[PDB]
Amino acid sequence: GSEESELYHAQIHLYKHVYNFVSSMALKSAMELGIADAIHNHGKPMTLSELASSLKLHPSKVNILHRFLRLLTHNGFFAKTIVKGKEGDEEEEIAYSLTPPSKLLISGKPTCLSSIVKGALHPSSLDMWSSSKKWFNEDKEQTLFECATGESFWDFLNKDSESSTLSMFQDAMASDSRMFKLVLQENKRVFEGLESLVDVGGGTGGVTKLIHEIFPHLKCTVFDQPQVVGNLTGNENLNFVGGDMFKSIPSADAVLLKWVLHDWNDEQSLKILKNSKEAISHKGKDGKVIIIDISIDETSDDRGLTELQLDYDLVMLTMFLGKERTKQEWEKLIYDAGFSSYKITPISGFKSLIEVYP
């Protein structure tokens, strides 16, 4: 009946999702335009003309800059303000100021995420979607990227004709790992009362080095495969140890599992977690395991956060056929391991730091 009526808010819901990609493209444009850097360097609200002047735009592109700015401002990446104006011409003009979100676009700052936005929205990241239909209906098990190009993402980046793309990718990854320092500074409480720590899968020690920049007195042990640690000797508080995390992990007050469980199924992840609990048993109820990975909480009140996490989960699937765990999956893993409780702390926009206790 009147149900057939009301072209509902169903139509508006449908359309908002159809055109959501635009918000991503507008943001991408803001970083490639270097708007944040221009405003930051001006050290004061910038006018449309001043900004157009700083970007050395052709007069015909000014109105395009304006359109992108209006949308970005509405989306909270810039704040509009009012300024007077020099000379006897003109009258009253609007100026633009950065906001916390856009300040993350200021290059040369430990907080700059420009490289990640550039790569996550590079043609090599997005063009494959045109092969989505063919991807669902084929008999071949492969990533969406492989279905669209015929080669894995990694092989693509390592082609001579993709030299710059690979460097773009490694810039983003290096920038991402760098953000871990911010995580440490922002959650000192987590490592504060520790005397020792073992960085599992710590490789050559890059992560423990950041850890030391914040906690120079913490005794850290970089645990990894015999071939990775090999020679590497340390200092008073730096230690390198080789072994197999599936058999055992060096004892310490805390065990760090940074982006480790991510690459393992439940069976393998449980064994690591169990060896982790055993590596801290000596410390009793004072020991702890620190997991740094993504946790998708569907029952979360922040629908937007969960959506972003799920979005990112869909990228992992299409690009690598990878996966991220939900809060539940984590809980099942944590308790199956024998731990008593746990606490999740949101970090880096949508990642999670999990404190697990015996």
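For every residue, the number given is its place in the sequence shown, counted from 1.
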Fill in the blank from the handout: Of 307-315 vs 39-47, the stretch with the larger average CA B-factor in the entry is 39-47
Practice task
With reference to the PDB entry, specify whether the mean Cα temperature factor is higher for 68-76 or for 203-211.
Solution key: 203-211
Handout entry: Candidate residues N137, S125, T99, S107, the one whose C-alpha B factor the record puts highest
Key = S107
Completion exercise
Listed options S131, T221, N265, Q142: highest C-alpha B factor recorded at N265
Exercise for the section: Grab the CA temperature factor for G287 from the record and place it in the lowest, middle or highest third of its chain. Expected result: highest
Exercise for the section: Sorting the chain's modelled residues by C-alpha B-factor, tell me whether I347 ends up in the lowest, middle or highest third. Expected result: lowest
Completion exercise
By the entry's values, the third containing the CA B factor of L232 is the highest
Exercise for the section: Within this chain's modelled residues, let me know which third the CA B factor of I334 belongs to: lowest, middle or highest. Expected result: middle
Fill in the blank from the handout: Binned into thirds over the chain's modelled residues, the C-alpha B-factor of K118 lands in the lowest
